[PDB]
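Proteins get letters first, then strands, A, B, ... in listed order; numbering begins at 1 in each.
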Amino acid sequence: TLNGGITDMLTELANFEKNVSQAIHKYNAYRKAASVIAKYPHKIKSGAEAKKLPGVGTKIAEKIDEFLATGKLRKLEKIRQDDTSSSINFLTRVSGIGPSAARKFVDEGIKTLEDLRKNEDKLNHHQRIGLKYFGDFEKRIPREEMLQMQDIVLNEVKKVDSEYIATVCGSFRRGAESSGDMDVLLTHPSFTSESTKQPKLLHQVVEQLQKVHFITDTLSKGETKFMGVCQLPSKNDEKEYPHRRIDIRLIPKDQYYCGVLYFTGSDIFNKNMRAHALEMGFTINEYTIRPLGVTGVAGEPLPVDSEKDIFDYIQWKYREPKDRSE
DNA sequence: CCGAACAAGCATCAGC
DNA sequence: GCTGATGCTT
DNA sequence: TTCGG
Ligand SMILES: Nc1nc2c(ncn2[C@H]2C[C@H](O)[C@@H](COP(=O)(O)OP(=O)(O)OP(=O)(O)O)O2)c(=O)[nH]1
Ligand SMILES: [Cl-]
Ligand SMILES: [Mg+2]
Ligand code: NA
Ligand code: NA
Ligand code: NA
């Protein structure tokens with residue numbers, strides 16, 4: 001991490017704008033600048049050198065100059081001293097609490113973890129589980145544990161129905177040595193863009209993973225998206241493992257390639273690629289890539305038989321998952 | 001200067 | 001109940 | 001906050 005100091009500052013600014021100012025485009029600007037700088041293979045010596053990078057503008061170059069000169073950013077130092085900003089930033093670290101709820105809680109005087117714990121009755125279900133596992137969800141997952149989790153998920157899925165295909169995506173598929181959570185893409189031949197021939201396809205999998213005590217809690221659940229909590233089993237007299245966030249996404253079987261591109265990410269990579277798609281005259285979601293008409297309206301889905309097919313449409317060279325961590 | 005900035009599932013709420 | 005907007009999340 | 005046009 002050549003420029004870790006700069007990218008930390010930009011990320012802290014990103015988080016301030018999202019959580020406190022509720023300024024989504026400022027948030028995206030700082031996040032993109034941090035991503036482009038994190039990829040940059042030289043130690044940055046000035047804001048002017050940084051300003052040559054796409055996504056670093058005048059204002060960010062000035063902050064980089066102040067940071068390189070002093071090691072600090074005065075703007076951030078004040079933000080950390082502001083109690084309301086500090087408390088709002090803190091509360092958004094609970095899963096289910098965003099900037100609106102965080103500011104509403106602070107208004108009601110709920111400003112600390114203890115404050116939250118004694119006010120469980122003011123939390124919705126998602127927020128309540130996020131508070132329950134607050135510390136655990138802060139811990140990263142070593143890839144060695146990701147492998148054990150993969151093995152459990154893929155084998156339990158096979159026991160429900162041998163025609164399910166479960167793929168672990170996210171940072172795991174990009175080869176990361178540690179992950180924030182586990183992301184499972186799920187397909188079954190009975191669920192295509194053309195019909196749903198069996199009900200409960202996601203439910204059956206969730207229920208099986210609950211039965212074997214792998215899934216421990218649910219944050220949200222519908223017919224195609226599950227967001228929840230899981231935990232590896234531990235040996236006799238060993239510590240328990242931390243509880244972990246798990247997302248499962250059932251995708252139409254014929255739309256796997258758009259689905260695995262979406263769920264492999266990164267999130268910034270997806271934003272970058274979807275923005276370039278638009279400039280090339282296409283729109284990409286997790287299901288399809290479609291041409292944009294002369295008006296702007298999305299046309300019919302184009303045929304896709306590999307992830308690389310999607311890169312070709314927008315005239316991008318293919319990038320392996322490992323080169324998509326932006 | 002100024003408009004666009006990725007795309008969408010689930011939970012929750014207001015209004016009907 | 002349903003529809004649409006908003007929050008929060010991937 | 002940044003960029004393209
Ligand atoms: N198009 C789009 N996709 C997103 C967005 N956020 C997340 N995703 C997709 C790409 C992610 O790689 C993938 C999983 O979301 P995660 O939050 O788990 O990110 P990821 O696994 O990459 O990193 P992690 O190690 O879990 O912190 O979902 C988004 O804002 N837009
Ligand atoms: Cl903004
Ligand atoms: Mg993940
Ligand atoms: Na630039
Ligand atoms: Na949060
Ligand atoms: Na995830």
Side-chain angles (χ1 to χ4, degrees), chain A residues 10 13-14 16-19 21-37 47 50-64 75 91-105 123-130 137 168-173 179-186 202-203 206 218-228 245-252 255 258-280 282-290 292 296 298 310 314 326:
Chain A
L10 295 175
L13 287 165
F16 171 71
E17 297 295 353
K18 183 183 168 181
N19 304 336
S21 310
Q22 298 180 26
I24 190 60
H25 305 296
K26 296 199 181 184
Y27 160 76
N28 288 331
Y30 285 119
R31 205 187 27 170
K32 177 183 279 192
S35 170
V36 60
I37 288 164
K51 192 166 190 310
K52 285 173 185 304
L53 300 193
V56 181
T58 309
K59 305 295 297 297
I60 285 184
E62 299 184 329
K63 293 181 165 53
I64 295 187
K75 176 179 179 70
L91 299 176
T92 63
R93 288 161 65 187
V94 178
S95 191
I97 304 181
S100 185
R103 184 179 284 279
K104 166 232 171 220
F105 285 142
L123 301 185
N124 66 31
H125 177 71
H126 185 148
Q127 292 161 349
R128 182 160 166 158
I129 303 304
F137 290 173
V168 184
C169 304
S171 54
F172 177 83
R173 182 159 187 265
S179 295
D181 64 17
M182 163 164 270
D183 305 286
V184 180
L185 191 71
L186 188 68
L202 179 56
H203 183 86
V206 171
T218 294
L219 303 175
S220 68
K221 181 176 179 302
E223 274 176 21
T224 70
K225 185 157 95 186
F226 174 83
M227 286 174 30
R245 278 279 291 106
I246 184 174
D247 300 311
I248 303 171
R249 178 66 185 264
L250 178 69
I251 194 90
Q255 299 179 328
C258 288
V260 73
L261 173 74
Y262 155 75
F263 223 13
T264 295
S266 69
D267 55 348
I268 297 177
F269 172 84
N270 287 351
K271 289 179 80 264
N272 288 347
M273 180 170 186
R274 288 172 189 204
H276 180 72
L278 294 176
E279 291 150 9
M280 288 311 105
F282 304 89
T283 175
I284 305 175
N285 59 20
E286 63 262 58
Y287 307 115
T288 61
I289 179 166
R290 298 174 286 165
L292 290 182
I310 308 161
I314 72 181
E326 308 193 328

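Atom CG in A:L123 sits about 15 Å away from atom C1' in B:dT12, given to the nearest Å. Between the CD1 atom of A:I37 and the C1' atom of D:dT1 there is a distance of 13 Å, given to the nearest Å. As rounded to whole Å, 12 Å separates atom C1' of D:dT1 from atom NZ of A:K51. For the pair A:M227 CE and B:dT12 P, the computed distance is 11 Å after rounding to whole Å. Rounded to a whole Å, the NZ atom of A:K271 is 11 Å from the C1' atom of D:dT2. A:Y262 places its OH atom 9 Å from the P atom of B:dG9, with the value rounded to the nearest Å. Rounding to whole angstrom units, CG of residue A:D183 and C1' of B:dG9 are separated by 15 Å. Between the P atom of B:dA11 and the CD atom of A:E223 lies a distance of 11 Å, rounded to the nearest Å.
Residue side chain A:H25 meets the stacking definition with respect to B:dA5: its ring centre sits within less than 5.5 angstrom of the base's six-membered ring centre, and the planes differ by less than 30 degrees.
A sub-4.0 Å separation between OP1 or OP2 of D:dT1 and a side-chain N or O of A:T58 is absent. Remark: A:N124 is not in phosphate contact with B:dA11, judged by side-chain N or O atoms under 4.0 Å from OP1 or OP2. Between B:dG9 and A:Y287, a contact under 4.0 Å exists linking OP1 or OP2 to a side-chain N or O. Contact annotation: A:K225 does not reach the phosphate of B:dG9 (side-chain N/O to OP1 or OP2, under 4.0 Å). Contact annotation: A:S220 side-chain N/O to C:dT9 OP1/OP2 distance is not under 4.0 Å.
Distances were taken from every side-chain heavy atom of A:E286 (C-beta onward) to each of B:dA8, C:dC8, B:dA5; the shortest belongs to B:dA8. Proximity note for A:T224 (side chain, C-beta onward) versus B:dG9, C:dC8, D:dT1: the nearest is B:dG9. Distances from the side chain of A:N285 to the nucleotides C:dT9, D:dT1, B:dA7 place B:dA7 closest. Proximity note for A:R274 (side chain, C-beta onward) versus B:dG9, D:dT1, B:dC6: the nearest is B:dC6.
Using a 4.0 Å heavy-atom criterion, one finds that A:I24 contacts no nucleic acid atom at all. As judged by a 4.0 angstrom heavy-atom cut-off over every strand, A:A23 is placed among residues making no nucleic acid contact. As judged by a 4.0 angstrom heavy-atom cut-off over every strand, A:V184 is placed among residues making no nucleic acid contact. A:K221 comes within contact range of the sugar-phosphate backbone alone, with a heavy-atom separation under 4.0 Å but no base atom that close. Residue-level contact check: A:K59 touches the backbone only, with heavy atoms under 4.0 Å from sugar-phosphate atoms and none from bases. The residue A:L53 sits close only to the backbone: its heavy atoms come under 4.0 Å of sugar-phosphate atoms, none of a base.
No donor-acceptor pair under 3.5 Å is formed between the side chain of A:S179 and the backbone N or O of A:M182. Of the possible donor and acceptor atoms, none in the side chain of A:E286 sits under 3.5 Å from a partner among the backbone N and O of A:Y262. A:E62 places no side-chain N or O within donor-acceptor distance of the main-chain N or O of A:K59, the cut-off being under 3.5 Å. At distances below 3.5 Å, not a single donor-acceptor pair connects side-chain atoms of A:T264 with backbone N or O atoms of A:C169.
The two atoms that bring A:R245 and A:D247 nearest to each other are NH2-OD1, 2.7 Å, heavy atoms only.
No side-chain donor-acceptor contact under 3.5 Å links A:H126 and A:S220.
Taking the P atoms as reference points, D:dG4 lies 15 Å from B:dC6, given to the whole Å.
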